[PDB]
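Protein chains in written order, with full-length UniProt numbering: chain L, 149 to 277; chain W, 36 to 167; chain B, 47 to 52; chain E, 259 to 430; chain X, 68 to 176, 194 to 396; chain U, 35 to 242.
For reference, the structure is listed below as structure tokens.
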RNA sequence: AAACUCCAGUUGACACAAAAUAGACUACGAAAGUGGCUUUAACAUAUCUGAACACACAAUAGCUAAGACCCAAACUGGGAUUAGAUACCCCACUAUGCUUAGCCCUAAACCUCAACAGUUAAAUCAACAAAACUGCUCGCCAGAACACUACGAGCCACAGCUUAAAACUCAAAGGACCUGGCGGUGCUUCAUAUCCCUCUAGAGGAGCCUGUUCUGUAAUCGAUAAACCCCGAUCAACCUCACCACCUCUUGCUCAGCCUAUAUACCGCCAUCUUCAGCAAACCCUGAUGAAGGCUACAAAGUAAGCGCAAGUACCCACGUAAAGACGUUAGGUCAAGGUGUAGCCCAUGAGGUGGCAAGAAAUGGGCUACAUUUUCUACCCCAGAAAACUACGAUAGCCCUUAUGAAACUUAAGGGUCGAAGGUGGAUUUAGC
RNA sequence: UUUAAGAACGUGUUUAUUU
Ligand SMILES: [K+]
Ligand SMILES: [K+]
Ligand SMILES: [K+]
Ligand SMILES: [K+]
Ligand SMILES: [Mg+2]
Ligand SMILES: [Mg+2]
Ligand SMILES: [Mg+2]
Ligand SMILES: [Mg+2]
Ligand SMILES: [Mg+2]
Ligand SMILES: [Mg+2]
Ligand SMILES: [Mg+2]
Ligand SMILES: [Mg+2]
Ligand SMILES: [Mg+2]
Ligand SMILES: [Mg+2]
Ligand SMILES: [Mg+2]
Ligand SMILES: [Mg+2]
Ligand SMILES: [Mg+2]
Ligand SMILES: [Mg+2]
Ligand SMILES: [Mg+2]
Ligand SMILES: [Mg+2]
Ligand SMILES: [Mg+2]
Ligand SMILES: [Mg+2]
Ligand SMILES: [Mg+2]
Ligand SMILES: [Mg+2]
Ligand SMILES: [Mg+2]
Ligand SMILES: [Mg+2]
Ligand SMILES: [Mg+2]
Ligand SMILES: [Mg+2]
Ligand SMILES: [Mg+2]
Ligand SMILES: [Mg+2]
Ligand SMILES: [Mg+2]
Ligand SMILES: [Mg+2]
Ligand SMILES: [Mg+2]
Ligand SMILES: [Mg+2]
Ligand SMILES: [Mg+2]
Ligand SMILES: [Mg+2]
Ligand SMILES: [Mg+2]
Ligand SMILES: [Mg+2]
Ligand SMILES: [Mg+2]
């Protein structure tokens, strides 16, 4: 809860999504019923904190592996990386480290989005002539 | 438990109409009356003969239009006239509807000694209020 | 109940 | 599948199995790669690899599962507790943890040669490692310390008498 | 489900039917408000059903069909809101905005109004809410007020507050009238059980009371009944200063007194000060007594009594 | 009840409203301001703002009424007050010079004192312990003992021992005895006090 | 209650009995077992396993012999409880518990988990319990019961211990769990006319009215713990009427009929918990993919149509009273409202006519009127006068007469006359009411 | 640590145009 505001802002700035609140059962495995049958689930999930507030793995780690969604996670010394696809061993408690992770993922995503617009513009411009 | 004029709940696959979905304690709150006459008013007479005519009419029309009535009848009396208003289906051919309208309008006029008129309102399928 | 007695 | 009416239980189980599918590897698309022997809870399943034409000689449930997978020829013996739900949960378990010929070569960096009596002493290369082939051979073992099964050893010595084995049955 | 195109076709049928209905009744289609539609539909389709939600109605589709949320993702499939996968993007986007304004304050440093109710918040957010979720949101708003909120913040908080119409428990004084002779008086009415009384109280008198043309001590032999008539005037120290002329009908011996007591008190409120009228109210002299006979039930001997119960 | 919980009971006290604002305390002042907003029930016919209203005599009359006949019960109450009044005047004129200074002639003062001399200090409660009942002494509340005094006075008069004797003459005779600390009603109070003293050791059976 | 009352209390003298605290320690011994102090002697084996052919030990109880005796105590006696109490509760006292010398050799002797060595990784793993395994060796078990039994043999053992079968019989027994129910089951919070205490009028006593049960009669049926008993009946002199006796008709008022059997075949209409708030489709997840289960808001897998509750509506409102009240429970009520499945009758189990029974030895439910003085009579409809214990209070009862209804009335009702009974506020118990 | 408090017959309750 200490970093819920910081993360929600980052997702909005980089045109991405965030779920920092209580995870209701079936958001992924039973999504079509909650949202609708033509819903599109995430293609990548990024865990800034793999634990819940009772010091146990987040249910999304297991629910993502069920739905075949790759996960990126910041695992501390008291976490379980077995089901995390790309784990990052690092501190997930202090605020000076969380601002760094968010700053890095916000930049890598913002770059790729702009990098494709340059590749498309070139192809479109080259295609016509 | 109470049973009168109540359609018991089911899994959810049973269609019901508006009148068929409301119980007797809604007859003047969410429903009306299927027959309208003056017999049951204070100081009026012949409430018993008007009731026997109603019971016979609902059966005459159920067997005269077999499998065609979509919902209950609505009997109306304005003095000497008797207006039968029915909601029927569209399976039968109109040629046969006009035959039965003239056959029933005439047969009932000579039986009850009153001018009788029949008003049909066709619907494609039985209207459904909800599913119980 | 227990059977009746004569 | 669970429900009050039997027709509703068939749907839940059927539509929910396609979301929990396994992939079973087959040797030449007719049998398994090696003999399997596991125990799921109290139920023992000892499957054996067999050549083409042997047919299915296994528990009637396994015959129905194998046809769904695509295994034409295999032998299996069920022991312990014959529970249809542990039999199935263990069958799919051993059929998914079986090592293929390609993984074996890559693991040890050696050639996997197949020896057949019908083809004489001809060595048939079924799989070879993608990486660097090792130059040293495996140390030949005088006596292997591998746990055996009295049921198989008693048969190889002409001692397992049974009036129910090797019976003429229909095609499977 | 009702689509946006369907609603748009219902808007066109109401507009056309609104012009027909005025042609029937002979009104001007231009100046034909919704109040005139409801009056014309009640003449043409008379229904006396007790439930007003079961009568014929011809309203605007924006008031009949329930509000529905817009589509949340486009063709590509990406949602339009970053808090979509929470399932409550509207509720959490609000909690995120409020908690962001509480961080700014820390950095640089009611009678009529009532908190929005739960059922009224779902309409604003077009979201289904629990009770404990409603309380969390209300706790941030109150916390926002305690802090020195800026002008822009107050406008936000006032979107979630609703005015309240505070009723006044102040008796209504009757207009003092004048007779042919010129005497001032005031008339009121009382009601006790089935008894109904009309009382005329003259401003100046010698303490004379006449009920149905008979002096009060003859009409009410029982002392208790006369005590009731004395209670209004004794409480305000005005015994032997006014003349009353009332007419009571129906009820019984004691019900007619209480009915007269109430009328005399109501009419006596015009010749007294406001502070006394308030005291009369706090003493139970201006309140109609709602205690009336209760009905007998079938299967019972009385309104509340039961038949003798036999266990065996 | 046909009143809602919002409705508050009325205050018939006439000298309460007359209190000046200067005497109103901070808490009392707040109370008066609050009542303006609250709803009030209609005053019942039993009680008025008269100066002769006696709540103790109105309650005793209600305990004598039978079948809603208040006209008759109140008739018997006033006859008793008048009979007690006349008996004292007859004893006052035939008294000596110094004996007339100790003769009370106000029937109300006699009615309140007679009932106060009949109020029991402690009562008894049957407590079930070990398949047996025990008469455990208990401190009675202020209301309980006031109600018992009335019920005993009305019950004694209603006794059948009295033959063709009217209630006003019976009740008047008891009130004088009790006023003098005599009669059976007092003996009934003493008997209760004597049974509680013998069962004093059973006080520990009480948990409240 | 019995017992004691050469009893009790203070103080002093005073053990062959038993060993507070320390001990929240976890040590010694092969096990049994060992917890007051001191002293003497003293706690096997330089690999392990190893005797049910032997040897030495083995709690408590118990046997033999001789002693001691505070207290406790089987047995027994007395007191009490109880339908009985050979028990649970109280008192007294004995074997016995102690010492010495011998025997007896059993236990849930169970930490129900063998000894030595070693491992924590892999399939960890049916469940529960105290995590899962390897090597080696000895001992032991092979469905339940018959059976800690019979026979045989051995023993200081003689109603004993050890070892230990069979015939007949059964298709289960057994171990561990899920759900629910129940508990003279714990904790906590409560019941609001409701459980207790507490308020008011009643029932149970008398007479009458009325129902039912028994008995009786040639002479209906049905309801008949709560959830029957002025109930089907907002209604039986004939009719109603389905009963009884007698007589009569046969394609029959009906393109027949049946109040004939089955409410344990049903629809229909209901009782009951309900003076409840839960039922549950369709998906997801957990338990290794078992019966099943699914919550913590500073949130940990639940999302949920629909039904009900609620909300609305009716009566005089916002109150209250009605109405409403699901899924299911009691094979609850009704085949005699009507309808109807199965079965049965068709010169009769159908139809019609005449007449007639519906009573009381007895017990009981409900209600009415009373036993009086807050009463009785008259006037009045609340400022009165009289009455007031064998001519009072008190029958709506009996008897007689008259009238009303009707074709028909000792019979139904009303009124009058006559009559003046029980009854003196009611046992255990029990109902309703904010 | 806190009175007493017995009993309840035998079967049966789940599948594919005039003319
Ligand atoms: K043990
Ligand atoms: K009684
Ligand atoms: K009686
Ligand atoms: K009775
Ligand atoms: Mg950390
Ligand atoms: Mg009902
Ligand atoms: Mg009453
Ligand atoms: Mg050894
Ligand atoms: Mg041994
Ligand atoms: Mg021994
Ligand atoms: Mg001994
Ligand atoms: Mg002793
Ligand atoms: Mg004895
Ligand atoms: Mg001894
Ligand atoms: Mg002993
Ligand atoms: Mg032991
Ligand atoms: Mg053992
Ligand atoms: Mg050993
Ligand atoms: Mg055996
Ligand atoms: Mg033994
Ligand atoms: Mg033996
Ligand atoms: Mg022997
Ligand atoms: Mg009968
Ligand atoms: Mg019967
Ligand atoms: Mg029956
Ligand atoms: Mg009854
Ligand atoms: Mg008859
Ligand atoms: Mg007859
Ligand atoms: Mg018959
Ligand atoms: Mg039967
Ligand atoms: Mg039944
Ligand atoms: Mg009701
Ligand atoms: Mg409701
Ligand atoms: Mg039955
Ligand atoms: Mg007399
Ligand atoms: Mg008489
Ligand atoms: Mg006559
Ligand atoms: Mg017995
Ligand atoms: Mg039984």
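All C-beta atoms, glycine included, are put in the ideal place defined by N, C-alpha and C.
Distance, Cα to Cα, residue 235 of chain X vs residue 237 of chain L? Rounded to whole angstroms, residue 235 of chain X to residue 237 of chain L spans 46 Å at the Cα level.
Report the residue ranges of all alpha helix (DSSP H) runs contained in full by the region 335-390 of chain E; include only those spanning at least 4 residues, in chain order. 342-352 and 359-366
Touching by the beta-carbon criterion (3+ pairs, under 8 Å), the region 338-352 of chain X and the region 261-279 of chain X: yes
Compare the beta carbon distance of residue 332 of chain E and residue 308 of chain E with 7 Å and say whether it is the shorter of the two. Cβ distance < 7 Å, so residue 332 of chain E and residue 308 of chain E count as in contact.
Assuming residue 144 of chain U and residue 209 of chain U form a contact by the criterion Cβ under 8 Å, report the distance between their Cβ atoms to the nearest whole angstrom. 6 Å
Per DSSP, residue 324 of chain E is paired with what? As far as DSSP is concerned, residue 324 of chain E takes part in no beta bridge.
Using alpha carbons as the reference points, say which of E:319, E:397, E:313 and E:346 lies closest to residue 424 of chain E. E:313
Checking 7 Å against the spacing of the C-beta atoms, do residue 41 of chain U and residue 75 of chain U come in under that value? Closer than 7 Å, so yes.
Would residue 59 of chain U pass as an interface residue toward chain X - the criterion being a Cβ-Cβ separation below 7 Å? no
Does residue 117 of chain X get closer than 7 Å to chain W when you measure Cβ to Cβ? yes
Chain X contacts from the region 63-74 of chain W (Cβ-Cβ distance under 9 Å): 63, 64, 65, 66 and 67
Could you tell me the distance, in whole angstroms, from the CA atom of residue 262 of chain L to the CA atom of residue 253 of chain L? 14 Å
Which ranges would you report for the beta strand (DSSP E) in the region 218-253 of chain L if only whole runs of at least 3 residues count? 219-223 and 234-237
Simplified DSSP assignment, three categories, for residue 157 of chain U: strand
When the Cα of residue 97 of chain U is compared with those of U:181, U:216, U:59 and U:204, which residue comes out closest? U:181
Nearest-angstrom Cα separation, counted from residue 156 of chain X out to residue 183 of chain L: 12 Å
Considering only the beta carbon of each residue, do residue 128 of chain X and residue 78 of chain X sit closer than 7 Å? yes
Flag residue 156 of chain U as yes if its beta-carbon sits less than 7 Å from any beta-carbon of chain X, otherwise no. no
For residue 303 of chain E and residue 348 of chain E, which I take to be in contact (beta-carbon distance under 8 Å), what is that distance rounded to the nearest angstrom? Contact holds; Cβ gap of about 6 Å.
Spell out the partners DSSP gives residue 329 of chain X in its beta bridges. Looking at the DSSP output, residue 329 of chain X shares a beta bridge with X:284 and X:294.
CB-CB under 8 Å to residue 324 of chain X, same chain, minus the five flanking residues each way: which ones, in chain order? Spatial neighbours of residue 324 of chain X in its own chain (CB-CB distance under 8 Å, excluding positions within 5 residues in sequence) are listed in chain order as 290 and 291.
Contact check, residue 110 of chain W vs residue 69 of chain W under 8 Å by CB: the rounded distance? 7 Å
Use the C-beta contact count for residue 269 of chain X: other C-beta atoms within 10 angstroms, 16 or more gives buried, fewer gives exposed. Buried.
From residue 206 of chain L to residue 174 of chain L, what distance separates their C-alpha atoms? Between residue 206 of chain L and residue 174 of chain L, the C-alpha separation is close to 13 Å.
Contact set between residue 151 of chain X and chain L, taken where Cβ atoms lie within less than 7 Å: 165
Taking the runs of the beta strand (DSSP E) that are 3 residues or longer, which of them lie wholly in the region 184-216 of chain U? none
Identify every run of the alpha helix (DSSP H) within the region 84-130 of chain X, keeping only runs that are complete inside it and at least 4 residues long; order them along the chain. 101-111
Once DSSP output is grouped into helix, strand and coil, what is the label at residue 117 of chain U? Here residue 117 of chain U sits in helix by DSSP.
Round the Cβ separation of residue 135 of chain W and residue 99 of chain W to the nearest angstrom and send it over; I've been treating them as touching at under 8 Å. 6 Å
I'd like the span of the alpha helix (DSSP H) that includes residue 429 of chain E, first residue to last. Note, residue 429 of chain E: premise wrong, no alpha helix (DSSP H); not H, not E.
Nearest-angstrom Cβ-Cβ length linking residue 332 of chain X and residue 295 of chain X, presumed shorter than 8 Å: 6 Å
Which partner residues of residue 154 of chain W appear in the DSSP bridge assignment? W:120
Under a CB-based cut-off of 7 Å, is residue 170 of chain U close to chain X? no
In or out: residue 211 of chain L buried (at least 16 other Cβ within 10 Å) or exposed? buried
Which residues of chain X have a Cβ atom closer than 8 Å to the Cβ of residue 234 of chain L, listed in chain order? In chain order: nothing, as chain X lies at least about 20 Å away.
Minimum C-alpha distance to residue 151 of chain W - residue among W:158, W:160, W:140 and W:83: W:140
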